[PDB]
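Single-structure report; data block below.
Numbered from 1 within each chain, the chains take letters A, B, ... in sequence-line order. Side chains are part of it too, since the values below use all heavy atoms of this structure and drop only hydrogens, waters and symmetry mates.
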Amino acid sequence: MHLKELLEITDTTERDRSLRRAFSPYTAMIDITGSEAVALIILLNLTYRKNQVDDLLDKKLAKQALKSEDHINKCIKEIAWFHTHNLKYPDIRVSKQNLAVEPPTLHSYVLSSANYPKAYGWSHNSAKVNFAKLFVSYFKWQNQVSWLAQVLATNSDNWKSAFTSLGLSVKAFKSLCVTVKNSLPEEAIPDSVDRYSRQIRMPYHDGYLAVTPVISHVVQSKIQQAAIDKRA
RNA sequence: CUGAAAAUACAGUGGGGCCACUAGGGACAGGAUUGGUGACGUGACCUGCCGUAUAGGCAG
């Protein structure tokens with residue numbers, strides 16, 4: 001349930017495997033209300049490759065990434081490509097588009113993203129797939145589902161200690177906080193329909209409407225985590 | 001006016017060599033199947049002749 005309930009394992013391989021499984025979107029969200037510093041170390045160590053990291057609780061190469069403002073810049077470049085609906089599924093040829101919208105109207109008889117709170121996935125460019133993991137990985141705060149950008153947007157004072165515990169400056173931290181809060185995912189609707197996006201004709205007021213179906217990250221992530229639990 | 005239109009997976013190929021299922025062996029005792037029953041008559045196959053002939057051939 002809690003972060004350091006899984007840190008009790010003396011074997012680092014089993015620990016890091018369980019931690020990497022815990023912070024992946026195909027499993028349940030772990031509570032980090034007690035553990036904010038250690039949470040930041042592992043979340044910022046997830047930004048590296050698997051074969052580049054021996055242990056996720058190594059503090060120094062986390063500070064190597066954090067002190068390097070060519071590393072965190074890439075992680076805040078990847079926030080603009082945070083979707084509620086994946087346009088690159090299953091065809092990846094849908095070129096440089098991002099759909100971020102509120103869930104639709106709730107219906108009693110059908111299931112959609114309206115039946116869950118608004119969560120975000122990422123889809124831009126495979127080269128930066130690790131750089132998203134810092135700011136898109138979902139965790140449990142106090143008693144509330146949250147990700148790093150949303151929890152650093154308003155409630156920064158709770159994370160000041162956790163961020164300054166490594167030796168980050170106040171100037172850099174507050175400039176990082178305002179640029180992250182300014183670079184939060186807006187209501188992104190593409191200006192043009194892509195060549196590889198599937199369109200259909202549905203009967204509208206006195207004619208037809210062009211409809212592009214896009215999957216929701218939330219319903220997919222729920223079906224994935226339901227499938228790993230072997231429930232259906 | 002369909003998760004919309006459109007779409008050639010292909011070419012080549014050595015599983016081979018060797019081999020002991022064996023020894024032993026009681027299915028056994030007893031047994032009431034029994035009572036009662038109409039194949040035809042709405043049908044064709046008849047009536048005669050030849051022939052020594054219930055042989056064999058013939059006419060309506």
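The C1' atoms of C1(B) and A5(B) are separated by 12 Å, rounded to the nearest whole Å. Comparing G51(B) with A59(B), their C1' atoms sit 16 Å apart, to the nearest whole Å. To the nearest whole angstrom, the two P atoms, one in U2(B) and one in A6(B), are 12 Å apart. Taking atom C1' in both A55(B) and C50(B), the straight-line distance is 14 Å, to the nearest Å. Annotation: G57(B) and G43(B) have their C1' atoms spaced 29 Å apart (nearest Å).
Legend: stacked base step between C49(B) and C50(B); six-membered ring centres less than 5.5 Å apart, planes less than 30° apart. Base stacking is absent between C19(B) and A20(B); the centre distance of their six-membered rings and the plane angle do not both fall under 5.5 Å and 30° respectively. Legend: stacked base step between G30(B) and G31(B); six-membered ring centres less than 5.5 Å apart, planes less than 30° apart. Neighbouring bases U37(B) and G38(B) form no stack, their six-membered rings failing the under 5.5 angstrom centre or under 30 degree plane limit. In this strand, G35(B) does not stack onto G36(B); the six-membered rings are not both under 5.5 Å apart and under 30° in angle.
The distance between atom CD1 of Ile215(A) and atom P of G3(B), rounded to the nearest whole Å, is 16 Å. Straight-line distance from the CZ atom of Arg93(A) to the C1' atom of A6(B): 11 Å, rounded to whole Å. The separation between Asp91(A) atom CG and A6(B) atom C1' is 14 Å, rounded to whole Å. Between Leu209(A) atom CG and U2(B) atom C1' there is a gap of 15 Å when expressed in whole angstrom units. Rounded to an integer number of Å, the gap from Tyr208(A) OH to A4(B) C1' is 14 Å. Taking atom OH on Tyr89(A) and atom P on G3(B), their separation rounds to 16 Å, with Å as the unit. In this entry the distance linking OH of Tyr196(A) with P of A6(B) reads 17 Å, nearest Å.
Between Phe131(A) and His71(A), the two ring planes are tilted [angle within 30° to 60°].
Nucleotide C58(B): paired with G48(B) (Watson-Crick or G-U wobble, both distances less than 3.5 Å). Judged by Watson-Crick or G-U wobble contacts below 3.5 Å, the nucleotide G35(B) has no partner. For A7(B), there is no paired nucleotide, since no Watson-Crick or G-U wobble pair has both relevant distances below 3.5 Å.
A side-chain donor-acceptor contact under 3.5 Å links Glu78(A) and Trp122(A). Under 3.5 Å, the side chains of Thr47(A) and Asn130(A) contain no donor-acceptor pair of N or O atoms.
In this model, the phosphate group of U2(B) is approached by a side-chain N or O of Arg201(A) to a distance below 4.0 Å at OP1 or OP2.
Using modelled atom types, no side-chain atom of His85(A) and backbone atom of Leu99(A) make a donor-acceptor pair closer than 3.5 Å.
Between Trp147(A) and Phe139(A), the distance separating the two ring centers is not shorter than 6.0 angstrom.
Counting non-hydrogen atoms under 4.0 angstrom, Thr212(A) reaches nothing in the nucleic acid.
Here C50(B) has a north sugar; its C1'-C2'-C3'-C4' angle has a plus sign. The torsion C1'-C2'-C3'-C4' is the criterion here, and for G25(B) it is negative, giving a south pucker. Sugar pucker at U22(B): north, on the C3'-endo side, as the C1'-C2'-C3'-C4' dihedral is above zero. Going by the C1'-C2'-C3'-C4' torsion, the sugar of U8(B) sits on the south side, since that angle is negative. In this entry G35(B) carries a north-puckered sugar, per its positive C1'-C2'-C3'-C4' angle.
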Requested in this report: Would you sort out whether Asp11(A) and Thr13(A) count as a side chain to side chain donor-acceptor pair (under 3.5 Å), showing the intermediate values?
Outcome: CA-CA 6 Å; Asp11(A) 192 5; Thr13(A) 54; 3.0 Å; yes
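Salt bridge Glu187(A)/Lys118(A): present, at least one basic N to carboxylate O contact under 4.0 Å.
Look at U54(B): its glycosidic torsion is within 90° of 0, and that puts it in the syn range.
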